[PDB]
Each structure stands twice: as structure tokens, then as C-alpha cells.
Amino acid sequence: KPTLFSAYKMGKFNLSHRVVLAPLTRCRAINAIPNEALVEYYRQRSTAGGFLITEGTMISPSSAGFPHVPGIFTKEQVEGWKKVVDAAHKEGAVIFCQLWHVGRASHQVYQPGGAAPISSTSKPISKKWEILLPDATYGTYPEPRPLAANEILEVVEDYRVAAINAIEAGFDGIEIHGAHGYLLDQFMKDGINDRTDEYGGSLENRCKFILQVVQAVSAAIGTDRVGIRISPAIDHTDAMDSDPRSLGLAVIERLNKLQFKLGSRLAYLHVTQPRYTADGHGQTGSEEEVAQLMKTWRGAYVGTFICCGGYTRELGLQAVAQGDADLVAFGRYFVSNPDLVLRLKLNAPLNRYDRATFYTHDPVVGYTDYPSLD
């Protein structure tokens, strides 16, 4: 019977337990090159048959919206990732690279030639939100430039190339970052997408871009090496949809149809959910609604389902035991608990995490120096 600590066949891959390292931007990849700090970071968190998803990784120079995040669009970057991947594999881990384009959630200082960030729209993120700049101050999100149709196809090509480069680096697969108000979410969410062309309006039009990406990377490296992450009900950086339930089901129906058409299943669907507790962990109304949404989306998707967002040991156990999810990803707890899988198995205390060093750049401090049990 399925439990949080029981084995799982994720299509092509075999896992020994259901605890997953959620993708986490940490900003230690100085000048976008994966390095020895990242090697130790992922090695520390690796387990035999444990699934790891990397931090968001740039698919292009226009992809960036944080400092010192890794890319996978140059040979030098690929060579850096090889070292990370080899170390993870030496521990028996399965590791996917998350492909990340931030869209309008960026700033001129992050853009080639100081160009405007690109998006579905010309509308900027509101002043209620601010962006961390490379000089450790916070700045204003600028007006983005809306992509023309041919430019969207160029971004699809960037994802395709990024996927091929990931496989060259030895990654087991990739995850399409389609969540949290970044580029693809800027097209899906009717709170952001005000386009009047073939990429705006209907759910069909709004889902077109992300489906083109899924189709392209599946063609390049195989459906069974492709995972997709979405967050229809998370509002981060003004990324709301008027009907998250329908948006989620629209994406899922299209994934199901693509799988049926091509004759194989994607590696997984990965959905993050909002929480309504003070600290954003665990459970307290909106809670019950969100919980049912997640069960509805799980039930509608044909294949492996990863849940994420505020899961605890008890909630992770329940999720797998009751069939609500096949795999459970952990973000913040994995920051401060390199041996999180062991700690969960032993019901050991979890180290507190320090948010002040989430996005600083030191290879050791607040990055690789959280203690393991051993």
C-alpha cells in the first residue's frame, strides 16, 4: 500500500519514497554557472531513489528575475550542471531541472542591454510587490513588453533547447515552470492576460503557449522526461484567475489529450496550493475549498501527481495514504533540513529555516551549513 515512505514507479524512473525536493531559488549560482556550492547543496539532500527538482534555471538571457540564478543555455552552464548531476546520481537520486522564464517579473538590470522584460501584456506587476535587485535593495517592477506571436515561438524554441541541454548535462528530465505568476502563468491567468489575439481570451487561447512548450520539450527529450508545474489558485505578484478550478481543469484536459494523442504519459503534473495559516505551513474554509480543488485536479489528471505548498509530515502522510497525491514536495523545510527524508522517517525535529539567507549568495552561510542529524 502507498505511504509517504513507500516506493513508486514514476514512469521511466523508480523512486524509493515519495518525499520530493521542491524547486527553490537560492541565488548561489554566481554569474549563472552551477558550481561546487550547488554540488554540495543537492548532494546533501540526495537519497537513494529520492526525487530532486532543481531551483528555477534560466532558458535564455531574458529569463532572469533574480541574481546569481543558474542557466542552462550555454556550454559553460551545462558543464557546471554535469558536476551537480553526477554527484546526485552517485547518491542514487533522480533529478529534474526546472526550466524557468520569469516574464514580466523582472527589471531592466536583469535584462540584456537593459531591455524591458517581456510578457503576455504591457501591464506591470503592481507596486504592492517589489523585486530584489542585484545590489540587495528592492526595486519597482517595470512595464513589460508584450510578445508578438513570432516571439512567443522563439521562447518555445528556447525551452526546447534548454531541455536538450538538460539531457546533455545528464539530468533525468525537466520540469516546466508554469506557476507563480511567471511567464507562462502570465498567459494562463485572465487576471494578467489582456491579449486580443490567438493567445488571449478563451481558455483554449490562454493555454496555447504552455501547451506549445510541453509539446516541444516532449518532442525533444520524450514525454516521460517532462514534468509540468502550475498553480491556478496562487495569487503571487498579481497573478489571479477569475476561475482557478476551470483554469486548472483546462490545463489538465489538454495534458490528458496530448498524452492520449502521443501514446505516453508525462513524468508528472505538479501543483502548488496556497495556505491560510500564519506561517504558511499546514492547516488552520478557504482551506477546505483549496483542499477539494486539489483533489478534483488530481482526480481529473491521468498520471502522476505531485502536491506542494505548506505540507507537513502529517499532511504529507495523509496525502499519499488517502490517494490525494503520489508524491509530496517540500520547499522551505528542505532549505534547513538537508536530510529531510531521514528526519521525516524518524519523526525527528525539523531545523528552523532562516529566510534572511534564502537569497543571499554565500556558498556556505545559510546554504550548505544547516546540520544533518549525522
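Start at 1 with the first residue shown and count on from there.
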Gap size between residue 284 and residue 285, counting deposited residues with no coordinates: none, 1 to 3, 4 to 9, or 10 or more?
4 to 9
When the C-alpha temperature factors are averaged for each of 73-81 and 235-243, which stretch ends up with the higher value in the entry?
235-243
Comparing average C-alpha B factors as deposited, tell me which of 173-181 and 117-125 sits higher.
117-125
Of the choices 142, 227, 222, 103, which one's C-alpha carries the largest B-factor in the record?
142
Sorting 137, 215, 272, 202 by Cα temperature factor from the record, which one lands on top?
202
Divide the modelled residues of the chain into thirds by Cα B-factor and specify which third, lowest, middle or highest, holds residue 356.
highest
Which third of the chain holds residue 364 when residues are ordered by C-alpha B factor: lowest, middle or highest?
middle
Among the modelled residues of its chain, does the C-alpha B-factor of residue 291 lie in the lowest, middle or highest third?
highest
Pull the Cα B-factor of residue 324 out of the PDB entry and bin it into the chain's lowest, middle or highest third.
highest
Residue 64, C-alpha B-factor rank within chain (lowest, middle or highest third):
highest
